[PDB]
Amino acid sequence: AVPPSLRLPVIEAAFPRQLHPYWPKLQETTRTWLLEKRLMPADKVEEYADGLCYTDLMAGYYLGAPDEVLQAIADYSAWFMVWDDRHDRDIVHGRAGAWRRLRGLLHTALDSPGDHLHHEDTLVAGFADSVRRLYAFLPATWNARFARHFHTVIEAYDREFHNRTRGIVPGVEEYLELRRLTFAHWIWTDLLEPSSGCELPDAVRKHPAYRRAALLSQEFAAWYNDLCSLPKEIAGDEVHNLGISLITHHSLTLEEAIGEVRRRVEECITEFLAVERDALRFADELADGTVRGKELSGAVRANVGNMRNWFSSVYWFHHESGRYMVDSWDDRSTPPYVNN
């Protein structure tokens, strides 16, 4: 039962959930990784990790991925959530120096992860392990694209740090541009490719239908997170949220901003259904009769299939995950799973 303010009947009726068969092993293996990389305290791992549903989120998204690819993605995605938590905590505690140093180390570790596998900062060491593993699946040109994209994500996190320190709420257009980076749209899009076992040529992944289907899938995920994470984020003095920019710059009430965010999320779905037809037509066209063609066709089709799976995985994740259950916290400003 999804709250009426958050319910999307089109997702429930037309985007049936999928789950990767490796998910049972994935859940425990990522929990063990969080424990052994010291990315969460042992008692917080035991009490909260499974309930945060991070592995479920990936296992409902990258269908068809090799077990080892899914494992590295899930470890990275759990790392990403812990990094969001650390970033938030550095902000709340005014640890500008610790954040700046961390920011620099992630930039460096991103380009040479193997050199950082045993760094003193467990968050940097965890990052490097997952990234080194992700760099092992596809050619160096894919690794360099992942790094280029994540360098941009790190700097968007830095911009968020400056905004919240200075109490600046981005304008709507400014936020929509920033949100494609803080949510890491293009990282999740990159990671479709090791999941289907094929680095896509630029001509293929920059095709207008592939690009637009990829964009809309991520816009939905980020803006649906905004809709669902708004209570926790208002309680935690987070300023980055489409609803908050609407209240601040467009003078909407809370109920009207929630309504406008809802409508924008709903439009993402029906825009995606239109372009999905074009992206799958393009997949069919790539099967020109040659071996390379059949391979590229299959990879594009699998990737567009997972762009669709992202809709249902993110939807149900926000109603299942303990990450957003702010009403159950004694201190609504400090989630119990964060290192405070």
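Counting begins at 1, following the sequence as shown.
Should the higher mean CA B-factor in the entry be assigned to 81-89 or to 250-258?
Result: 250-258.
Is the mean CA B factor in the deposited entry higher across 167-175 or across 68-76?
Here the higher of the two C-alpha B-factor means belongs to 167-175.
Just to confirm, going by the entry's C-alpha B-factors, which of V45, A302, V314, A279 comes out highest?
Most elevated C-alpha B-factor of the set, per the entry: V45.
Whose CA atom has the top B-factor in the entry, of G126, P113, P194, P201?
Among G126, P113, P194, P201, the highest C-alpha B-factor in the entry belongs to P201.
Lowest, middle or highest third: where is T152 by Cα B-factor in its chain?
Within its chain, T152 is a middle-third residue by C-alpha B-factor, going by the deposited values.
Ranked by Cα temperature factor within the chain, is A14 in the lowest third, the middle third or the highest third?
Lowest third of the chain for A14's C-alpha B-factor.
For the chain shown, is the CA B-factor of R31 in the lowest, middle or highest third of its modelled residues?
For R31, the deposited C-alpha B-factor lands in the middle third.
Lowest, middle or highest third of the chain for the C-alpha temperature factor of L52?
For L52, whose C-alpha B-factor we compare with every modelled residue in the chain, the answer is the middle third.
Where does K232 sit by CA temperature factor within its chain: lowest, middle or highest third?
Highest third - that is where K232 ends up once the chain's C-alpha B-factors are sorted.
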